[PDB]
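Structure first, then comments.
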Amino acid sequence: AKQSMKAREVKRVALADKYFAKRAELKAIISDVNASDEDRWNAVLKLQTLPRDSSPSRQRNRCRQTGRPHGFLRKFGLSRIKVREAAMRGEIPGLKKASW
Amino acid sequence: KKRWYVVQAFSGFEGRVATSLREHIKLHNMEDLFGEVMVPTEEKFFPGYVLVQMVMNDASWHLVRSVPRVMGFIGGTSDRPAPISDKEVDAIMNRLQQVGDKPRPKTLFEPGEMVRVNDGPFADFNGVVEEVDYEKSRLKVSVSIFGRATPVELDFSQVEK
Amino acid sequence: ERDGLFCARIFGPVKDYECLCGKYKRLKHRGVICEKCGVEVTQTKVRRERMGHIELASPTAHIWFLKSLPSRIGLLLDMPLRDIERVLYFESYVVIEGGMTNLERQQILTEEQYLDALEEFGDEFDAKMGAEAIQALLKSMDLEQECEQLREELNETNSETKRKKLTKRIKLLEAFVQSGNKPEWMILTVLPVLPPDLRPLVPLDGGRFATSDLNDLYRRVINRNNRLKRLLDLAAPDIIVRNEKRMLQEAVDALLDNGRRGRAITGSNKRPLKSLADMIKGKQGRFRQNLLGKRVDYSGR
Amino acid sequence: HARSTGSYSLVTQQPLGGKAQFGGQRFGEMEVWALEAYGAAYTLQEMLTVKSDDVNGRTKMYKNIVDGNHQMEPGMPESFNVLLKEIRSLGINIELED
Amino acid sequence: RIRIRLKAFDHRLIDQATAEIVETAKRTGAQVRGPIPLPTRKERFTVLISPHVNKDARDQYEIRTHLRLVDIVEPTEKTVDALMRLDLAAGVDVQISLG
Ligand SMILES: [Zn+2]
């Protein structure tokens, strides 16, 4: 991936980190069946006001080395291609070719 | 009307002083001159003082100081020793357990990462606690074992801030 | 003990260049202090020069400046020794800038004198007791102002006895102004503790530790100070904290110069235990026993 | 009894006392007066700084004696530092100026 | 009782660790429960090995996390504290738990 994309991702992450407490609270408020209608409405509107990049469902998991969006693995934080390389080199602990 | 007074005993023999005091009352049968005898206890303040509901005659004063292992009253003077108060008894009645209440049903000692375990398996030891299970009363203090910060489920009372 | 009298972080590591508990067993990083050890990392003689301090909960006046004959606080606050001790042992009250009432500044007050005054002058009125009150008196004692007054008093009188009584008071009043010694430094607020190496804890031939007398004195002052902090946490009534602060006052006064107060405390069995001033004074202090006369190598008999 | 260099006491770094404990003879107070009464000044200085108390002074002395040097680096008695710590452990502030 | 959960990727290493722990236990205390082997986690992964396209081209890796359950029935004064000193082989996550 590009540098720019990576930067964007980072920014998104930062935003998420920032706005988590508020956003979560808002969500809770919206959910809470034992609450006022007006309040709920306000909460809904409030959420809209907050930045979009603040959402965690905005950020894509990219490879930590290359930034490749596809072929990702969570345990390693790496795209398949890089993961394989790591494995070959001995750089991922415990990981070896499996047969059964 | 019987007012309260403070008695000093040899600190450590306090229950035996209280029992001997009740027995000296029922020996010298001044039963109308003594109400109670308090040694309060938390799950022990006060450390060595015995509270007595009493009146003040010189006969009852000689009685309490003739009880064995009793030094004397604590007051302004030894002629007319001092009762304590009554305005601080109303607030003490509403609350009588400030050092063991359910106000904080979780953290008994600041978690952070500085604590020592002594009432658990690894006694006389300290470690860093990352996460904690206050709800289920559990601690994940990672003690240093075999050159490694290994955690161990410890008890709040077992550890010490 | 971490962290007690013989601490690690407050003083130093028992072993030379070693964390007593476990890290640094070579000569590379002399100084690092991990959280598992709470220990400095220097020499074995480093603890002999390092001293600790005990935060005394309740103020305690020095015994060397209260009972020196003549007392330093006796001819400075223009108050008799007898009356000074009464208030100091929680047996008398002392006024301090009352206000618009019919009472002096040096004049003391008793239980009956205070009770009636309490119901009388309930507003602007100050009458404390103990070292705290004494400290205030000394603290609020314009040295310079007294000088002129005393000097003018000595030049406006002919009384022989008074002249000598006034010249001895003004001499110690102008001498305090000549130096950087404050009047509120007489009362001990931050009691200092002697280095462990200087109060050594060695075992004799066997399995027990023959402990020094100063460790008994410091351990009692710290036990009482912890009790007094806990009682001021719990808001105990007046007579409890007066006895508690009085026991702390007598404990500090017994630590500094034992036996100058009424009958000296004792551990084993009836013999009194030896305090700091008894490490200085006498035929067996430091002057006459280790500094003027020393034991000597390259010698025979 | 005779002693060149034996064990040293713990609280004040001076030699031990007695014969069973391998100790040195007490150069008492009246002997200090009797050396003030002559003009012997270096003899008294090594008699109460080098030979007795100062630990770095006496290790410098032992190296200098086994190398033939015959010279003392004086320093301070360590028991005077013990006097400073005992007076300083009161409310008294003793120092060393300059 | 002190339950001890040894976890590692190398099995030999884990075994070595376990033995060491047992040794540590057995000298100080008494009645060590024993080194009980729990099930191994074989966390598998498939990945495409081509840079671009070839889907049947694949490598199947795995990480074998081994478990060793050591238990100590009587915690004495000397025994529990000992753990701190005895250092074991690297890459072995231990997890002691009293009660
Ligand atoms: Zn260390």
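Ligands are numbered from 1 in the order shown, residues from 1 within each chain, and chains are lettered A, B, ... in the order they appear in the structure tokens.
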
**Report entry** Env. residues ligand 1 / 6 Å / only C-alpha atoms and all ligand atoms / as a count of residues only
**Finding:** 6

Report task. May I have all residues of range 37-276 of chain C that DSSP, computed from the backbone, assigns to strand (DSSP E), given as a ChimeraX atom specification? Result -> /C:52-61,93-95,108-109,127-128,187-193,202-203,209-210

Requested in this report: Tell me which protein, DNA and RNA residues are within 8 Å of residue 242 in chain C, counting only C-alpha atoms, leaving out same-chain ones fewer than 4 positions away, and put them as a PyMOL selection string.
Outcome: chain C and resi 90+238+246

Query - Exercise answer, chain D residues close to chain C, 6 Å and only C-alpha atoms, as a ChimeraX atom specification - result: /D:1-4,11,15,24-29,51-52,89

Export, as a short mmCIF file (atom, residue, chain, number, x, y, z; two decimals), in the first residue's frame, the selected residues with N, CA and C atoms.
```cif
data_model
loop_
_atom_site.label_atom_id
_atom_site.label_comp_id
_atom_site.auth_asym_id
_atom_site.auth_seq_id
_atom_site.Cartn_x
_atom_site.Cartn_y
_atom_site.Cartn_z
N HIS D 1 51.37 -10.11 75.28
CA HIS D 1 50.49 -9.97 74.14
C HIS D 1 51.12 -8.99 73.17
N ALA D 2 50.86 -9.19 71.88
CA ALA D 2 51.39 -8.28 70.87
C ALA D 2 50.48 -8.28 69.66
N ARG D 3 50.36 -7.13 69.00
CA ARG D 3 49.46 -6.98 67.87
C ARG D 3 50.04 -6.03 66.84
N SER D 4 50.23 -6.53 65.62
CA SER D 4 50.51 -5.66 64.48
C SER D 4 49.22 -5.13 63.87
N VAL D 11 31.17 -0.63 65.52
CA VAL D 11 30.48 0.65 65.61
C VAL D 11 31.46 1.81 65.51
N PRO D 15 40.51 -0.83 67.16
CA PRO D 15 40.80 -2.23 67.47
C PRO D 15 40.08 -2.72 68.71
N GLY D 24 44.56 -4.58 70.88
CA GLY D 24 45.65 -3.65 71.07
C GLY D 24 45.49 -2.86 72.36
N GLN D 25 46.60 -2.36 72.89
CA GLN D 25 46.59 -1.76 74.22
C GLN D 25 46.04 -0.35 74.16
N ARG D 26 45.29 0.03 75.19
CA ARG D 26 44.58 1.30 75.17
C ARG D 26 45.55 2.44 75.39
N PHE D 27 45.74 3.25 74.36
CA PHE D 27 46.54 4.46 74.49
C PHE D 27 45.64 5.51 75.11
N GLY D 28 45.59 5.49 76.44
CA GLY D 28 44.59 6.20 77.20
C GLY D 28 44.77 7.71 77.18
N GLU D 29 44.01 8.36 78.06
CA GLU D 29 43.94 9.81 78.02
C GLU D 29 45.18 10.44 78.62
N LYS D 51 47.19 4.73 63.16
CA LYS D 51 47.31 3.42 63.79
C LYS D 51 45.99 2.93 64.36
N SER D 52 45.02 3.80 64.57
CA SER D 52 43.86 3.45 65.36
C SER D 52 42.56 3.44 64.58
N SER D 89 21.92 13.41 65.38
CA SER D 89 20.68 12.66 65.55
C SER D 89 19.77 13.26 66.61
#
```

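Counting from CA of residue 55 in chain E, the distance to CA of residue 86 in chain A is 20.3 Å.
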
Query raised in the report: Mind checking DSSP for range 129-288 of chain C and telling me the alpha helix (DSSP H) residues as a PyMOL selection string?
Result: chain C and resi 130-139+143-155+160-178+213-234+238-256+277-280

Write out as a PDB file with N, CA, C and O atoms, in the first residue's frame which residues come within 9 Å of residue 67 in chain C when counting only C-alpha atoms, dropping same-chain ones fewer than 4 positions away.
```pdb
ATOM      1  N   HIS C  62      12.179  19.760  72.833  1.00  0.00           N
ATOM      2  CA  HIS C  62      13.433  19.122  73.213  1.00  0.00           C
ATOM      3  C   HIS C  62      13.626  19.155  74.728  1.00  0.00           C
ATOM      4  O   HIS C  62      13.240  20.118  75.389  1.00  0.00           O
ATOM      5  N   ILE C  63      14.229  18.101  75.266  1.00  0.00           N
ATOM      6  CA  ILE C  63      14.469  18.005  76.700  1.00  0.00           C
ATOM      7  C   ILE C  63      15.743  18.744  77.100  1.00  0.00           C
ATOM      8  O   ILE C  63      15.920  19.097  78.267  1.00  0.00           O
ATOM      9  N   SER C  71      16.829  26.307  81.911  1.00  0.00           N
ATOM     10  CA  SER C  71      16.204  25.891  80.663  1.00  0.00           C
ATOM     11  C   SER C  71      16.289  26.986  79.608  1.00  0.00           C
ATOM     12  O   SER C  71      16.201  28.173  79.920  1.00  0.00           O
ATOM     13  N   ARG C  72      16.463  26.574  78.355  1.00  0.00           N
ATOM     14  CA  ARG C  72      16.559  27.518  77.247  1.00  0.00           C
ATOM     15  C   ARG C  72      15.196  28.135  76.953  1.00  0.00           C
ATOM     16  O   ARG C  72      15.104  29.277  76.501  1.00  0.00           O
ATOM     17  N   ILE C  73      14.140  27.371  77.203  1.00  0.00           N
ATOM     18  CA  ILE C  73      12.779  27.843  76.975  1.00  0.00           C
ATOM     19  C   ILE C  73      12.174  28.402  78.262  1.00  0.00           C
ATOM     20  O   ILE C  73      11.035  28.868  78.274  1.00  0.00           O
ATOM     21  N   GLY C  74      12.952  28.355  79.343  1.00  0.00           N
ATOM     22  CA  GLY C  74      12.493  28.844  80.634  1.00  0.00           C
ATOM     23  C   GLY C  74      12.777  30.319  80.854  1.00  0.00           C
ATOM     24  O   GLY C  74      11.972  31.028  81.454  1.00  0.00           O
ATOM     25  N   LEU C  81       9.757  27.011  85.125  1.00  0.00           N
ATOM     26  CA  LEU C  81       9.894  25.641  84.649  1.00  0.00           C
ATOM     27  C   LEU C  81       8.695  24.776  85.033  1.00  0.00           C
ATOM     28  O   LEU C  81       8.183  24.009  84.217  1.00  0.00           O
ATOM     29  N   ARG C 260      16.170  12.141  82.504  1.00  0.00           N
ATOM     30  CA  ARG C 260      16.052  13.519  82.952  1.00  0.00           C
ATOM     31  C   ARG C 260      14.621  13.823  83.366  1.00  0.00           C
ATOM     32  O   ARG C 260      14.394  14.637  84.267  1.00  0.00           O
ATOM     33  N   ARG C 261      13.659  13.166  82.738  1.00  0.00           N
ATOM     34  CA  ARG C 261      12.293  13.104  83.230  1.00  0.00           C
ATOM     35  C   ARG C 261      12.236  12.056  84.345  1.00  0.00           C
ATOM     36  O   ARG C 261      13.223  11.366  84.612  1.00  0.00           O
TER      37      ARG C 261
END
```
